[PDB]
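What follows is query_12.pdb (PDB, C-alpha atoms).
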ATOM      1  CA  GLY W   1      36.613 137.063  65.893
ATOM      2  CA  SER W   2      39.051 135.803  68.518
ATOM      3  CA  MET W   3      39.554 132.039  68.720
ATOM      4  CA  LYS W   4      43.112 132.125  70.064
ATOM      5  CA  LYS W   5      44.169 129.717  72.814
ATOM      6  CA  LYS W   6      47.445 128.554  74.360
ATOM      7  CA  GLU W   7      48.702 127.260  77.708
ATOM      8  CA  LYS W   8      51.750 125.299  78.860
ATOM      9  CA  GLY W   9      54.031 124.747  81.839
ATOM     10  CA  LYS W  10      55.160 121.134  82.141
ATOM     11  CA  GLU W  11      58.693 120.474  80.894
ATOM     12  CA  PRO W  12      60.063 116.909  80.655
ATOM     13  CA  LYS W  13      62.071 115.627  83.619
ATOM     14  CA  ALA W  14      64.587 112.783  83.826
ATOM     15  CA  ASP W  15      63.731 112.008  87.450
ATOM     16  CA  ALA W  16      65.707 109.551  89.577
ATOM     17  CA  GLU W  17      63.360 107.664  91.900
ATOM     18  CA  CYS W  18      64.248 104.236  93.289
ATOM     19  CA  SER W  19      61.114 102.083  93.427
ATOM     20  CA  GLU W  20      62.977  98.860  92.651
ATOM     21  CA  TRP W  21      65.654  98.859  95.354
ATOM     22  CA  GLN W  22      68.200  96.282  94.196
ATOM     23  CA  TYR W  23      68.082  93.886  97.147
ATOM     24  CA  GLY W  24      70.959  91.473  97.681
ATOM     25  CA  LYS W  25      70.910  87.762  98.481
ATOM     26  CA  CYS W  26      69.492  86.625 101.823
ATOM     27  CA  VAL W  27      72.039  84.885 104.048
ATOM     28  CA  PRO W  28      71.166  83.476 107.496
ATOM     29  CA  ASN W  29      73.433  85.224 110.000
ATOM     30  CA  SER W  30      71.946  83.686 113.146
ATOM     31  CA  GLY W  31      72.197  79.906 113.316
ATOM     32  CA  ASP W  32      72.107  77.746 110.196
ATOM     33  CA  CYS W  33      68.776  79.109 108.964
ATOM     34  CA  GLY W  34      66.208  81.723 109.944
ATOM     35  CA  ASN W  35      66.764  85.476 110.074
ATOM     36  CA  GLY W  36      69.019  86.387 107.164
ATOM     37  CA  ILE W  37      70.499  89.670 105.967
ATOM     38  CA  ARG W  38      70.475  91.305 102.534
ATOM     39  CA  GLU W  39      72.462  94.260 101.194
ATOM     40  CA  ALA W  40      70.746  96.798  98.941
ATOM     41  CA  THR W  41      71.969 100.063  97.423
ATOM     42  CA  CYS W  42      69.769 102.652  95.715
ATOM     43  CA  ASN W  43      69.720 106.420  95.186
ATOM     44  CA  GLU W  44      72.845 107.001  97.278
ATOM     45  CA  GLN W  45      72.574 104.954 100.473
ATOM     46  CA  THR W  46      73.247 101.407 101.669
ATOM     47  CA  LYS W  47      71.108  99.539 104.199
ATOM     48  CA  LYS W  48      70.618  95.938 105.327
ATOM     49  CA  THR W  49      67.170  94.358 105.620
ATOM     50  CA  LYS W  50      66.304  91.206 107.563
ATOM     51  CA  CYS W  51      64.489  88.279 105.947
ATOM     52  CA  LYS W  52      63.324  84.718 106.605
ATOM     53  CA  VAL W  53      64.605  81.695 104.682
ATOM     54  CA  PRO W  54      62.510  78.601 103.858
ATOM     55  CA  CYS W  55      63.787  76.405 106.688
ATOM     56  CA  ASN W  56      62.037  73.398 108.227
ATOM     57  CA  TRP W  57      62.425  74.179 111.927
ATOM     58  CA  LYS W  58      58.906  75.190 112.957
ATOM     59  CA  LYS W  59      57.856  71.772 114.258
ATOM     60  CA  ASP W  60      56.758  71.098 117.836
ATOM     61  CA  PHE W  61      54.409  68.170 118.453
ATOM     62  CA  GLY W  62      52.300  65.743 116.443
ATOM     63  CA  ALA W  63      51.535  62.026 116.528
ATOM     64  CA  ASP W  64      53.819  61.425 119.510
ATOM     65  CA  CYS W  65      53.078  57.733 118.967
ATOM     66  CA  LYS W  66      55.551  54.875 118.526
ATOM     67  CA  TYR W  67      54.639  52.139 116.049
ATOM     68  CA  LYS W  68      56.345  48.826 115.284
ATOM     69  CA  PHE W  69      56.626  47.649 111.677
ATOM     70  CA  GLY W  70      57.972  44.357 110.366
ATOM     71  CA  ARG W  71      57.360  43.423 106.737
ATOM     72  CA  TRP W  72      54.907  44.039 103.895
ATOM     73  CA  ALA W  73      53.695  40.487 103.283
ATOM     74  CA  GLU W  74      53.440  39.064  99.765
ATOM     75  CA  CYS W  75      51.972  40.928  96.791
ATOM     76  CA  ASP W  76      48.290  40.271  96.096
ATOM     77  CA  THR W  77      47.217  39.980  92.459
ATOM     78  CA  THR W  78      43.628  40.680  93.505
ATOM     79  CA  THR W  79      43.904  44.405  94.218
ATOM     80  CA  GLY W  80      47.541  44.505  93.155
ATOM     81  CA  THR W  81      48.432  45.807  96.608
ATOM     82  CA  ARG W  82      49.321  44.251  99.961
ATOM     83  CA  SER W  83      48.256  45.337 103.449
ATOM     84  CA  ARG W  84      50.483  45.286 106.532
ATOM     85  CA  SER W  85      49.512  45.349 110.210
ATOM     86  CA  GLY W  86      51.758  46.886 112.851
ATOM     87  CA  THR W  87      51.665  47.199 116.633
ATOM     88  CA  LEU W  88      52.361  50.317 118.697
ATOM     89  CA  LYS W  89      54.091  50.269 122.084
ATOM     90  CA  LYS W  90      53.824  53.880 123.249
ATOM     91  CA  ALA W  91      50.470  55.642 122.903
ATOM     92  CA  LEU W  92      50.558  59.080 124.529
ATOM     93  CA  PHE W  93      49.350  62.113 122.576
ATOM     94  CA  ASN W  94      45.899  63.285 123.668
ATOM     95  CA  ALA W  95      44.917  59.968 125.250
ATOM     96  CA  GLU W  96      45.770  56.779 123.364
ATOM     97  CA  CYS W  97      46.808  55.727 119.858
ATOM     98  CA  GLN W  98      45.504  52.941 117.622
ATOM     99  CA  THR W  99      46.532  49.464 118.773
ATOM    100  CA  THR W 100      46.990  48.491 115.125
ATOM    101  CA  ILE W 101      47.908  50.024 111.770
ATOM    102  CA  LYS W 102      46.274  49.370 108.398
ATOM    103  CA  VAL W 103      48.592  50.288 105.525
ATOM    104  CA  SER W 104      48.504  49.228 101.873
ATOM    105  CA  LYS W 105      50.820  49.638  98.884
ATOM    106  CA  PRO W 106      50.871  48.277  95.307
ATOM    107  CA  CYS W 107      53.687  45.808  94.654
ATOM    108  CA  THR W 108      54.542  43.272  91.950
ATOM    109  CA  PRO W 109      55.299  39.583  92.629
ATOM    110  CA  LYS W 110      58.131  39.331  90.102
ATOM    111  CA  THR W 111      59.282  40.086  86.555
ATOM    112  CA  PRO W 112      59.835  43.861  86.841
ATOM    113  CA  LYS W 113      58.645  45.073  83.437
ATOM    114  CA  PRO W 114      58.854  48.661  82.119
ATOM    115  CA  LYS W 115      55.985  51.098  82.664
ATOM    116  CA  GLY W 116      55.782  51.564  78.906
ATOM    117  CA  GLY W 117      59.135  52.552  77.455
ATOM    118  CA  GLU W 118      59.499  53.874  73.915
ATOM    119  CA  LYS W 119      61.404  53.056  70.725
ATOM    120  CA  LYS W 120      61.665  55.387  67.730
ATOM    121  CA  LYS W 121      64.257  55.278  64.948
ATOM    122  CA  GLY W 122      65.236  57.909  62.398
ATOM    123  CA  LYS W 123      65.588  56.833  58.774
ATOM    124  CA  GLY W 124      66.449  59.563  56.286
ATOM    125  CA  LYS W 125      67.685  59.967  52.720
ATOM    126  CA  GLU W 126      70.644  62.176  51.802
ATOM    127  CA  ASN W 127      69.496  62.317  48.178
TER
END

Please rewrite the model in this file as structure tokens.
Amino acid sequence: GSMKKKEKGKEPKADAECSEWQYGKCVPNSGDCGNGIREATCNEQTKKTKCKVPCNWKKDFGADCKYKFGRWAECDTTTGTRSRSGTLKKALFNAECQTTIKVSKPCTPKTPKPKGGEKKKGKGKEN
């Protein structure tokens, strides 16, 4: 009977791949914000990659309407909020804007009390 069997050919390797290229911070070179540059070094080479920073400069148009506000009237206990009406001078944008605004916000008449606060002591015995 012959039940012999053996086969090999895969020695362990240390390897040296760079899948997690250590990228450096992103600094905006052009202008104050936008296209930044980052320095990264892996394996045995150094290169700079461009990136984009979270800047708020991608606005163009929108309401394009000019409104005129004054006050907020007195606080109403009914709904707990007061409504204010404003008038716009410049319409523009598409065709025309509302000739009046209807806003509302909760406000108290007086006596500014705490939302809830909290008070807890700590009594303990040493023995």

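Here the PyMOL selection byres ((chain W and resi 15-29) around 9) matches the residues residues 13, 14, 30, 31, 32, 33, 34, 35, 36, 37, 38, 39, 40, 41, 42, 43, 48, 49, 50, 51, 52 and 53 of chain W.
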
Task: Exercise: residue 108 (chain W) partners within 10 Å, all atoms listed in the file, chain neighbours under 5 positions left out, as an MDAnalysis selection string - done: chainID W and resid 74:77 80:82 113

Grab the residues selected above and save them as a short mmCIF file (atom, residue, chain, number, x, y, z; two decimals), keeping the file's coordinate frame with C-alpha atoms.
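Ended up saving to out.cif:
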data_model
loop_
_atom_site.label_atom_id
_atom_site.label_comp_id
_atom_site.auth_asym_id
_atom_site.auth_seq_id
_atom_site.Cartn_x
_atom_site.Cartn_y
_atom_site.Cartn_z
CA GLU W 74 53.44 39.06 99.76
CA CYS W 75 51.97 40.93 96.79
CA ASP W 76 48.29 40.27 96.10
CA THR W 77 47.22 39.98 92.46
CA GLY W 80 47.54 44.50 93.16
CA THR W 81 48.43 45.81 96.61
CA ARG W 82 49.32 44.25 99.96
CA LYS W 113 58.64 45.07 83.44
#

- [ ] Could you expand the PyMOL selection byres ((chain W and resi 93) around 10) into the explicit residues it covers here, written as a PyMOL selection string?
- [x] chain W and resi 61-65+90-92+94-97

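Among W:98, W:45, W:104, W:56, the residue with the shortest atom-to-atom distance to residue 73 (chain W), counting all atoms listed in the file, is W:104.
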
Open item on the list: Can you measure CA of residue 106 (chain W) to CA of residue 72 (chain W) for me? One decimal in Å is fine.
Closed with: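 CA of residue 72 (chain W) lies at a distance of 10.4 Å from CA of residue 106 (chain W).
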
Neighbour residues at most 9 Å from (45.4, 52.0, 109.2) (all atoms listed in the file) as a compact mmCIF listing (two decimals) with C-alpha atoms, in the coordinates of the input:
# COMPACT_ATOMS: atom_id res chain seq x y z
CA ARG W 84 50.48 45.29 106.53
CA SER W 85 49.51 45.35 110.21
CA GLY W 86 51.76 46.89 112.85
CA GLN W 98 45.50 52.94 117.62
CA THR W 100 46.99 48.49 115.12
CA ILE W 101 47.91 50.02 111.77
CA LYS W 102 46.27 49.37 108.40
CA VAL W 103 48.59 50.29 105.52
CA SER W 104 48.50 49.23 101.87

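Across the structure, CA of residue 114 (chain W) and CA of residue 70 (chain W) are spaced 28.6 Å apart.
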